[PDB]
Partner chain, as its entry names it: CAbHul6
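Only one chain is shown below, in structure tokens, and it's the form deposited without its partner chain.
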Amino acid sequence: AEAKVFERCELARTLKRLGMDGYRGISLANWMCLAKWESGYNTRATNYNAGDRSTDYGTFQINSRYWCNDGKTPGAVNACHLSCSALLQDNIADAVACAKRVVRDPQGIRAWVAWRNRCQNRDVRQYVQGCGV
């Protein structure tokens, strides 16, 4: 869909408001670094994985095969109990709640490869600097 992209500090603030800072021991800077490499802060971001017909959705690019139902991913399991479309709305409440569910599993935030490659073990302070959070 046409993009609906937050501004770095507005998302930082919203995520903070929604209880993301420190959630599961994950700092806001880390959630910001994730959203950045994942969707570029684009809440409408979708990405089709031709390998298993799955698609990644919204800000956190959550996968339809395990987390949200998109009604088009064969053999999917809906762990968040949400429609993937719910993860593509300007209001990121449902999205944040699913992201929380995702990092509650054993691998936490390491479930996202991009986070592992871009954010993990690296200085991420740049992501929240200036935001007043």
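Residue numbers count along the first chain shown, from 1.
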- Message: Comparing average C-alpha B factors as deposited, tell me which of 27-35 and 49-57 sits higher.
- Response: 49-57
- Looking only at C-alpha temperature factors in the entry, 38-46 or 83-91, the higher average sits in 83-91
- Message: Please say which third, lowest, middle or highest, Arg13 falls into when its CA temperature factor is compared across its chain.
- Response: lowest
- Name the third of the chain's ranked CA B-factors that contains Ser64, choosing lowest, middle or highest. middle
- Which third of the chain holds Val103 when residues are ordered by C-alpha B factor: lowest, middle or highest? lowest
- Within this chain's modelled residues, let me know which third the CA B factor of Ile109 belongs to: lowest, middle or highest. middle
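Below, we turn to the form solved in complex with its partner chain, even though it does not appear here.
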- Members of 113-133 lying within 4.5 angstroms of its partner chain, judged by heavy atom, in the bound PDB entry: none
